[PDB]
């Protein structure tokens, strides 16, 4: 898929930064962040989430029904963040905040 045409609100630098973080936490190297990998990510960032909380984070952006996060789903988190669509202090809000990738340009 082409992230550059699908997510025109982000510069190529920003998309590559997001790719850097995505790859860092896809420990399995399969191109997805699954529930267990996302559990570890939230722990490492210092904001651990419950079983079902993590499932709901994935559900919110998993528009392709992978039951895990593709890179498209990951970018969608930042799109929702940048557009004010995430619930205040929700798991996805916290992920985007603690990622250190600034989308509040």
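Residue numbers count along the first chain shown, from 1.
Engineer: Give the stretch, out of 96-104 and 3-11, with the larger mean C-alpha temperature factor in the deposited entry.
Structural biologist: According to the PDB entry, the answer is 96-104.
Engineer: If you average the Cα B factors in the entry, which is higher, 80-88 or 12-20?
Structural biologist: Higher of the two, by average CA B-factor, is 80-88.
Engineer: Pick out which of 64, 60, 37, 43 has the highest C-alpha B-factor in the PDB entry.
Structural biologist: Highest CA B-factor of the listed options: 64.
Engineer: Highest recorded C-alpha temperature factor, please, choosing from 75, 52, 27, 69.
Structural biologist: Highest C-alpha B-factor among the listed options: 27.
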